[PDB]
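Printed here is input-v7.pdb (PDB, C-alpha atoms and all ligand atoms):
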ATOM      1  CA  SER A   1     -11.899  19.998  -1.628
ATOM      2  CA  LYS A   2     -10.900  16.308  -1.702
ATOM      3  CA  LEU A   3      -7.111  16.781  -1.814
ATOM      4  CA  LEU A   4      -7.105  18.202   1.699
ATOM      5  CA  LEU A   5      -8.476  14.771   2.765
ATOM      6  CA  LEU A   6      -5.081  13.442   1.556
ATOM      7  CA  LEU A   7      -3.247  16.032   3.626
ATOM      8  CA  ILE A   8      -5.530  15.472   6.625
ATOM      9  CA  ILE A   9      -4.525  11.812   6.460
ATOM     10  CA  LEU A  10      -0.806  12.708   6.169
ATOM     11  CA  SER A  11      -1.027  15.192   9.094
ATOM     12  CA  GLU A  12      -3.025  12.737  11.189
ATOM     13  CA  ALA A  13      -0.342  10.142  10.393
ATOM     14  CA  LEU A  14       2.684  12.357  11.051
ATOM     15  CA  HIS A  15       1.190  13.378  14.409
ATOM     16  CA  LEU A  16       0.918   9.712  15.436
ATOM     17  CA  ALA A  17       4.288   8.817  13.817
ATOM     18  CA  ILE A  18       5.695  11.239  16.315
ATOM     19  CA  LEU A  19       3.233  10.490  19.197
ATOM     20  CA  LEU A  20       4.622   6.944  19.073
ATOM     21  CA  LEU A  21       8.145   8.381  18.815
ATOM     22  CA  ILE A  22       7.632   9.904  22.349
ATOM     23  CA  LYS A  23       6.844   6.397  23.746
ATOM     24  CA  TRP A  24      10.204   5.369  22.189
ATOM     25  CA  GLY A  25      12.260   8.605  22.608
TER      26      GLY A  25
ATOM     27  CA  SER B   1      -0.308  -3.581  17.899
ATOM     28  CA  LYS B   2       0.855   0.037  17.847
ATOM     29  CA  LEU B   3       2.259   0.862  14.411
ATOM     30  CA  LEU B   4      -0.373  -1.264  12.677
ATOM     31  CA  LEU B   5      -2.631   1.700  13.405
ATOM     32  CA  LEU B   6       0.129   3.856  11.899
ATOM     33  CA  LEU B   7       0.491   1.614   8.855
ATOM     34  CA  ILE B   8      -3.271   1.523   8.140
ATOM     35  CA  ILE B   9      -3.169   5.278   7.734
ATOM     36  CA  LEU B  10      -0.365   4.916   5.149
ATOM     37  CA  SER B  11      -2.538   2.476   3.220
ATOM     38  CA  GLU B  12      -5.601   4.749   3.391
ATOM     39  CA  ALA B  13      -3.269   7.533   2.240
ATOM     40  CA  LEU B  14      -1.998   5.543  -0.684
ATOM     41  CA  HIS B  15      -5.630   4.680  -1.543
ATOM     42  CA  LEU B  16      -6.463   8.370  -2.057
ATOM     43  CA  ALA B  17      -3.031   9.058  -3.570
ATOM     44  CA  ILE B  18      -3.813   6.561  -6.348
ATOM     45  CA  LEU B  19      -7.546   7.294  -6.573
ATOM     46  CA  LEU B  20      -6.681  10.980  -7.133
ATOM     47  CA  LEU B  21      -3.901   9.893  -9.522
ATOM     48  CA  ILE B  22      -6.405   8.165 -11.847
ATOM     49  CA  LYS B  23      -9.018  10.972 -11.960
ATOM     50  CA  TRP B  24      -6.807  14.059 -12.299
ATOM     51  CA  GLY B  25      -4.180  12.388 -14.518
TER      52      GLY B  25
ATOM     53  CA  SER C   1       0.510  25.925  -6.285
ATOM     54  CA  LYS C   2      -1.432  26.406  -3.040
ATOM     55  CA  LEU C   3      -2.047  23.007  -1.363
ATOM     56  CA  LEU C   4       0.341  21.393  -3.887
ATOM     57  CA  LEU C   5       3.292  23.265  -2.407
ATOM     58  CA  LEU C   6       1.926  22.386   1.046
ATOM     59  CA  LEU C   7       1.522  18.709   0.083
ATOM     60  CA  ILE C   8       5.172  18.257  -1.028
ATOM     61  CA  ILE C   9       6.276  19.850   2.219
ATOM     62  CA  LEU C  10       3.983  17.657   4.347
ATOM     63  CA  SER C  11       4.995  14.440   2.575
ATOM     64  CA  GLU C  12       8.725  15.061   2.896
ATOM     65  CA  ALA C  13       8.210  15.710   6.642
ATOM     66  CA  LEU C  14       6.538  12.341   6.869
ATOM     67  CA  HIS C  15       9.300  10.597   4.939
ATOM     68  CA  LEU C  16      11.868  11.925   7.420
ATOM     69  CA  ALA C  17       9.617  11.066  10.399
ATOM     70  CA  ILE C  18       9.269   7.503   9.205
ATOM     71  CA  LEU C  19      12.988   7.197   8.322
ATOM     72  CA  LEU C  20      13.631   8.415  11.909
ATOM     73  CA  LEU C  21      11.050   6.025  13.332
ATOM     74  CA  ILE C  22      13.032   3.293  11.568
ATOM     75  CA  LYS C  23      16.405   4.360  13.148
ATOM     76  CA  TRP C  24      15.244   4.961  16.771
ATOM     77  CA  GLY C  25      12.104   2.735  16.719
TER      78      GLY C  25
ATOM     79  CA  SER D   1      -5.043   4.326 -17.188
ATOM     80  CA  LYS D   2      -5.361   0.481 -16.756
ATOM     81  CA  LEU D   3      -2.230  -0.272 -14.697
ATOM     82  CA  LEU D   4      -3.591   2.107 -12.036
ATOM     83  CA  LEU D   5      -6.684  -0.110 -11.725
ATOM     84  CA  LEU D   6      -4.237  -2.862 -10.700
ATOM     85  CA  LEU D   7      -2.396  -0.629  -8.285
ATOM     86  CA  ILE D   8      -5.529   0.793  -6.595
ATOM     87  CA  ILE D   9      -6.735  -2.800  -6.223
ATOM     88  CA  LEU D  10      -3.478  -3.804  -4.467
ATOM     89  CA  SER D  11      -3.681  -0.850  -2.043
ATOM     90  CA  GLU D  12      -7.320  -1.682  -1.366
ATOM     91  CA  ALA D  13      -6.201  -5.277  -0.706
ATOM     92  CA  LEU D  14      -3.287  -4.067   1.425
ATOM     93  CA  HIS D  15      -5.433  -2.114   3.897
ATOM     94  CA  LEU D  16      -7.893  -5.023   4.225
ATOM     95  CA  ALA D  17      -4.887  -7.331   4.686
ATOM     96  CA  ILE D  18      -3.622  -5.277   7.647
ATOM     97  CA  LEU D  19      -7.086  -4.213   8.990
ATOM     98  CA  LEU D  20      -7.517  -7.832  10.109
ATOM     99  CA  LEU D  21      -3.781  -8.399  10.781
ATOM    100  CA  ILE D  22      -4.224  -5.906  13.645
ATOM    101  CA  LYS D  23      -6.944  -8.101  15.181
ATOM    102  CA  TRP D  24      -4.361 -10.854  16.004
TER     103      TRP D  24
ATOM    104  CA  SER E   1     -17.032 -13.144   6.095
ATOM    105  CA  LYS E   2     -14.459 -10.378   6.744
ATOM    106  CA  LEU E   3     -11.819 -12.670   5.206
ATOM    107  CA  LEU E   4     -13.920 -13.697   2.204
ATOM    108  CA  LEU E   5     -14.008 -10.060   1.205
ATOM    109  CA  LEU E   6     -10.146 -10.105   1.070
ATOM    110  CA  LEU E   7      -9.833 -13.056  -1.297
ATOM    111  CA  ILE E   8     -12.457 -11.685  -3.686
ATOM    112  CA  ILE E   9     -10.507  -8.444  -3.991
ATOM    113  CA  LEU E  10      -7.237 -10.430  -4.070
ATOM    114  CA  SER E  11      -8.660 -12.409  -7.053
ATOM    115  CA  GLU E  12      -9.773  -9.264  -8.965
ATOM    116  CA  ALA E  13      -6.080  -8.262  -9.000
ATOM    117  CA  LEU E  14      -4.945 -11.539 -10.539
ATOM    118  CA  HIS E  15      -7.289 -11.174 -13.500
ATOM    119  CA  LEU E  16      -6.158  -7.573 -14.002
ATOM    120  CA  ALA E  17      -2.571  -8.886 -13.878
ATOM    121  CA  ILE E  18      -3.077 -11.697 -16.462
ATOM    122  CA  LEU E  19      -5.604  -9.692 -18.584
ATOM    123  CA  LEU E  20      -2.914  -6.996 -18.651
ATOM    124  CA  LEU E  21      -0.181  -9.600 -19.370
ATOM    125  CA  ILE E  22      -2.113 -11.219 -22.252
ATOM    126  CA  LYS E  23      -2.988  -7.837 -23.816
ATOM    127  CA  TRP E  24       0.643  -6.647 -23.855
TER     128      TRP E  24
ATOM    129  CA  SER F   1      10.908  -5.876  13.813
ATOM    130  CA  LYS F   2       8.712  -8.187  11.709
ATOM    131  CA  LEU F   3       6.082  -5.492  10.879
ATOM    132  CA  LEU F   4       8.776  -2.911  10.115
ATOM    133  CA  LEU F   5       9.409  -4.378   6.646
ATOM    134  CA  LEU F   6       5.895  -3.049   5.700
ATOM    135  CA  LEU F   7       6.504   0.542   6.788
ATOM    136  CA  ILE F   8       9.737   0.824   4.755
ATOM    137  CA  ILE F   9       7.980  -0.453   1.669
ATOM    138  CA  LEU F  10       4.773   1.509   2.451
ATOM    139  CA  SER F  11       6.784   4.676   3.105
ATOM    140  CA  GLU F  12       8.641   4.106  -0.148
ATOM    141  CA  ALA F  13       5.317   3.332  -1.944
ATOM    142  CA  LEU F  14       3.557   6.475  -0.732
ATOM    143  CA  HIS F  15       6.565   8.745  -1.326
ATOM    144  CA  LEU F  16       6.852   7.611  -4.956
ATOM    145  CA  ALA F  17       3.037   7.774  -5.322
ATOM    146  CA  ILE F  18       3.005  11.308  -4.075
ATOM    147  CA  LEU F  19       6.215  12.160  -6.057
ATOM    148  CA  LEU F  20       4.359  10.885  -9.134
ATOM    149  CA  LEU F  21       1.248  12.869  -8.138
ATOM    150  CA  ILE F  22       3.505  15.894  -8.583
ATOM    151  CA  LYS F  23       4.910  14.662 -11.965
ATOM    152  CA  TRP F  24       1.316  14.451 -13.216
TER     153      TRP F  24
ATOM    154  CA  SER G   1       9.170   4.548 -15.393
ATOM    155  CA  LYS G   2       8.027   5.095 -11.798
ATOM    156  CA  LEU G   3       4.517   3.579 -12.280
ATOM    157  CA  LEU G   4       6.408   0.265 -12.411
ATOM    158  CA  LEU G   5       8.429   1.150  -9.288
ATOM    159  CA  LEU G   6       5.210   1.361  -7.253
ATOM    160  CA  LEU G   7       3.930  -1.991  -8.377
ATOM    161  CA  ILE G   8       7.257  -3.599  -7.401
ATOM    162  CA  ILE G   9       7.278  -1.645  -4.175
ATOM    163  CA  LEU G  10       3.613  -2.372  -3.576
ATOM    164  CA  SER G  11       3.814  -6.118  -4.274
ATOM    165  CA  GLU G  12       6.545  -6.802  -1.712
ATOM    166  CA  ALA G  13       4.438  -4.772   0.761
ATOM    167  CA  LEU G  14       1.213  -6.764   0.200
ATOM    168  CA  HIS G  15       3.270  -9.932  -0.009
ATOM    169  CA  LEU G  16       4.695  -9.330   3.492
ATOM    170  CA  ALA G  17       1.348  -8.158   4.933
ATOM    171  CA  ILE G  18      -0.318 -11.291   3.743
ATOM    172  CA  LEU G  19       2.715 -13.464   4.637
ATOM    173  CA  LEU G  20       2.627 -12.096   8.228
ATOM    174  CA  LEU G  21      -1.145 -12.537   8.332
ATOM    175  CA  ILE G  22      -0.752 -16.232   7.486
ATOM    176  CA  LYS G  23       2.195 -16.859   9.886
ATOM    177  CA  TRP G  24       0.306 -14.890  12.564
TER     178      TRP G  24
ATOM    179  CA  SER H   1      -8.773 -22.927   8.319
ATOM    180  CA  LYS H   2      -9.476 -24.250   4.802
ATOM    181  CA  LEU H   3     -10.157 -20.641   3.716
ATOM    182  CA  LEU H   4      -6.760 -19.948   5.247
ATOM    183  CA  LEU H   5      -5.502 -23.048   3.395
ATOM    184  CA  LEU H   6      -6.927 -21.597   0.164
ATOM    185  CA  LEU H   7      -5.590 -18.116   0.905
ATOM    186  CA  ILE H   8      -1.883 -19.175   0.799
ATOM    187  CA  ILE H   9      -2.250 -20.272  -2.823
ATOM    188  CA  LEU H  10      -4.005 -17.192  -4.240
ATOM    189  CA  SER H  11      -1.508 -14.707  -2.788
ATOM    190  CA  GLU H  12       1.583 -16.575  -3.882
ATOM    191  CA  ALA H  13      -0.185 -17.061  -7.246
ATOM    192  CA  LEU H  14      -0.618 -13.308  -7.435
ATOM    193  CA  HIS H  15       3.025 -12.818  -6.519
ATOM    194  CA  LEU H  16       4.207 -14.982  -9.441
ATOM    195  CA  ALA H  17       1.653 -13.332 -11.816
ATOM    196  CA  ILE H  18       2.918  -9.898 -10.876
ATOM    197  CA  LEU H  19       6.496 -11.210 -10.942
ATOM    198  CA  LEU H  20       5.808 -12.145 -14.555
ATOM    199  CA  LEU H  21       4.122  -8.858 -15.439
ATOM    200  CA  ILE H  22       7.253  -7.236 -14.022
ATOM    201  CA  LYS H  23       9.484  -9.768 -15.896
ATOM    202  CA  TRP H  24       7.962  -9.238 -19.402
TER     203      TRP H  24
HETATM  204 ZN    ZN A 101      -3.533  14.926  15.999
END
Would you write the structure of this file as C-alpha cells?
Amino acid sequence: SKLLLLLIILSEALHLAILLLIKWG
Amino acid sequence: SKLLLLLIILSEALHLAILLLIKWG
Amino acid sequence: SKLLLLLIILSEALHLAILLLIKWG
Amino acid sequence: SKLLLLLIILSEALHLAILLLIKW
Amino acid sequence: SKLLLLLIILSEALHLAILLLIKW
Amino acid sequence: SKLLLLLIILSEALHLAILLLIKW
Amino acid sequence: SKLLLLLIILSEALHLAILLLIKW
Amino acid sequence: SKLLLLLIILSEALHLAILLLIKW
C-alpha cells in the first residue's frame, strides 16, 4: 500500500537512468 | 543539470527506504 | 513474498543500471 | 531505533542539499 | 528562506550525533 | 565527473538500505 | 553491522553534496 | 553570503561529529 511507492520511485528512477543512457549510448 | 534529477530520486527513495525501515522494523 | 521478491529484483536492476551509467556515462 | 532518526535526518538533509544544488 | 530550512535540519542532525555520542 | 561521486555513494547507500530492508 | 555502513556511506554523500553546493 | 559563510562551519562540524561517532 505504501511499499509500492518505494518501487514506483525505483521504477521511475530506473526508467530515467536508462532514458539518460540513450543520450549517452 | 541532468543526473541531479536522477540523484534526487535516489534520495527520495532512500527517504522511504529508511522511513519504512523504522516503522516495520 | 509478493512485492518483496519484486523489490529485490527491481533494486538489483537499478544497481546494475547505475554501475553501467558509471562506466559508459 | 535511535540511530535511524539520525540516518533519516541525513537523507532528508541530502535531498534538500541537492534540491537547491540543481538550481545552480 | 529555502536555505535556512537546510541549516535547521542540518543542526538537528548534530544534536542527534552528540546526544547519541554522550549517551553511549 | 564532479557530481558522479554522489551517485556512487547514493547507489551504495540505497543498495545497503534496501539490502537491510530485506534483513529486517 | 550494516547500519553503521550506511551512516559512513551517507556522510560522505551529504558531505560531497554540501561541498559541491558551497563550491558551486 | 554570510548564511553561506555560516553554512561551511556547520557541515564540517557535522562531519567531525559523525567522524567521532564512527570513531568511538
Ligand atoms: Zn517512465
How would you report the residues lying within 9 Å of ligand ZN 101 (chain A), as a list in words, if you count all atoms listed in the file? residues 11, 12, 13, 14, 15, 16 and 19 of chain A
Dump as JSON lines the rows for residues of chain D within 7 Å of chain G: closest atom pair and distance in Å with one decimal, only C-alpha atoms counted, ordered by chain and rising residue number.
{"residue": "D:7", "atom": "CA", "partner": "G:7", "partner_atom": "CA", "distance": 6.5}
{"residue": "D:14", "atom": "CA", "partner": "G:14", "partner_atom": "CA", "distance": 5.4}
{"residue": "D:17", "atom": "CA", "partner": "G:18", "partner_atom": "CA", "distance": 6.1}
{"residue": "D:18", "atom": "CA", "partner": "G:17", "partner_atom": "CA", "distance": 6.4}
{"residue": "D:21", "atom": "CA", "partner": "G:21", "partner_atom": "CA", "distance": 5.5}
Figure out the distance between CA of residue 24 in chain C and CA of residue 10 in chain C, please, to one decimal in Å. 21.0 Å
Rotated and translated chain H onto chain G by C-alpha atoms, as a tab-separated table (two decimals) with C-alpha atoms, in the coordinates of the input:
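Dumped everything to superposed-v4.tsv:
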chain	number	residue	atom	x	y	z
H	1	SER	CA	8.38	3.60	-15.52
H	2	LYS	CA	7.96	5.35	-12.15
H	3	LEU	CA	4.52	3.69	-11.87
H	4	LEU	CA	6.43	0.49	-12.55
H	5	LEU	CA	8.98	1.69	-9.96
H	6	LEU	CA	6.12	2.19	-7.49
H	7	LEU	CA	4.48	-1.12	-8.40
H	8	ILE	CA	7.43	-3.28	-7.17
H	9	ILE	CA	7.00	-1.92	-3.64
H	10	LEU	CA	3.24	-2.39	-3.24
H	11	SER	CA	3.25	-6.03	-4.37
H	12	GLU	CA	6.16	-7.10	-2.22
H	13	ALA	CA	4.52	-5.09	0.60
H	14	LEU	CA	1.37	-7.12	0.06
H	15	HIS	CA	3.41	-10.32	0.06
H	16	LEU	CA	4.90	-9.54	3.50
H	17	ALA	CA	1.46	-8.39	4.83
H	18	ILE	CA	-0.12	-11.64	3.72
H	19	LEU	CA	2.96	-13.54	4.92
H	20	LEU	CA	2.22	-12.04	8.33
H	21	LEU	CA	-1.51	-12.75	8.21
H	22	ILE	CA	-0.48	-16.32	7.42
H	23	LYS	CA	2.20	-16.23	10.19
H	24	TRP	CA	-0.10	-15.04	13.05
Mind pulling up the distance from CA of residue 23 in chain A to CA of residue 17 in chain B?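 So the two atoms, CA of residue 17 in chain B and CA of residue 23 in chain A, lie 29.2 Å apart.
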After a least-squares superposition on chain C using every in-order C-alpha pair, I'd like chain B written out as a CSV table (one decimal) with C-alpha atoms, keeping the file's coordinate frame.
chain,number,residue,atom,x,y,z
B,1,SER,CA,-1.0,25.2,-7.6
B,2,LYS,CA,-0.9,26.7,-4.1
B,3,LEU,CA,-1.4,23.9,-1.5
B,4,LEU,CA,0.6,21.4,-3.6
B,5,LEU,CA,3.6,23.3,-2.2
B,6,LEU,CA,2.0,22.8,1.2
B,7,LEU,CA,1.3,19.2,0.6
B,8,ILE,CA,4.9,18.4,-0.6
B,9,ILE,CA,6.2,19.6,2.8
B,10,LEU,CA,3.8,17.1,4.5
B,11,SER,CA,5.3,14.4,2.4
B,12,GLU,CA,8.9,15.4,3.1
B,13,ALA,CA,7.8,15.6,6.8
B,14,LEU,CA,6.4,12.1,6.7
B,15,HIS,CA,9.6,10.9,4.9
B,16,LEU,CA,11.7,12.0,7.9
B,17,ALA,CA,9.0,10.9,10.4
B,18,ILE,CA,9.3,7.3,9.1
B,19,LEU,CA,13.0,7.4,8.4
B,20,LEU,CA,13.6,8.4,12.0
B,21,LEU,CA,11.0,5.8,13.1
B,22,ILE,CA,13.1,3.0,11.6
B,23,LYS,CA,16.5,4.0,13.0
B,24,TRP,CA,15.5,5.0,16.6
B,25,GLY,CA,12.8,2.3,17.0
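CA of residue 6 in chain A lies 9.2 Å from CA of residue 20 in chain B.
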